[PDB]
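Given as C-alpha cells, the chain that follows is alone and in the form solved without 6-methyl-1H-indole-3-carboxylic acid.
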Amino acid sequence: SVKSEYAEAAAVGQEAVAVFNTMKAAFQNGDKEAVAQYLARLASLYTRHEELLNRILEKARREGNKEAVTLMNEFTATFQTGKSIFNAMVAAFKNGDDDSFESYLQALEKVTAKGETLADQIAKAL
C-alpha cells in the first residue's frame, strides 16, 4: 500500500538521522576517515529515500489523494533544499573547510527538523 511504502520511507529517513548523528560526532572528534564513509552512506540513503518519496507521490497522484499530493509536493520541495545543503556540506569536506562544513551541518539539521511537521501530516493524509 501507499501507507506501507510510506512506513518504509520513514524508516529509511530515520536511518539517515541515525547515521547523520554518528557522522556529526565523528566530525567533532576529527575522525575524517569515518566522516568520509558516513557521508557516502548518507548519500546512498538519501537516494533511496527520494526514490521512495517519488513513488509515493506518483501513487497518491494516480489515486487522486489531493491532500496527500499537496503535502508531498511541499515535502519533496523541502527535501531538495536538504539535498542542496548536503551536497554543499560534502563539497566543504572535500575542500578541507570545517567552518563551512559546520555551518551546512547545522543548516541541514534545521531543514530536517522543520520538515517533520509535513512528514507527520503526510502519514495521516495517506
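Note that residue numbering follows the sequence shown and begins at 1.
Just so it is clear, the following notes concern the form deposited with 6-methyl-1H-indole-3-carboxylic acid bound, a form of the same protein that is not shown.
A residue is said to contact a partner when one of its heavy atoms sits within 4.5 Å of a partner heavy atom; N95 fails this definition for 6-methyl-1H-indole-3-carboxylic acid in the entry with it bound, lying far away.
Though the partner is left out of this view, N29 does not reach within 4.5 Å of 6-methyl-1H-indole-3-carboxylic acid in the entry with it bound, counting heavy atoms only. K59 falls outside the set of residues with a heavy atom inside 4.5 Å of 6-methyl-1H-indole-3-carboxylic acid in the entry with it bound.
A34 falls outside the set of residues with a heavy atom inside 4.5 Å of 6-methyl-1H-indole-3-carboxylic acid in the entry with it bound. Residues of 1-17 lying near 6-methyl-1H-indole-3-carboxylic acid in the entry with it bound, listed in sequence order, are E8, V12, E15, the criterion being any heavy atom within 4.5 Å.
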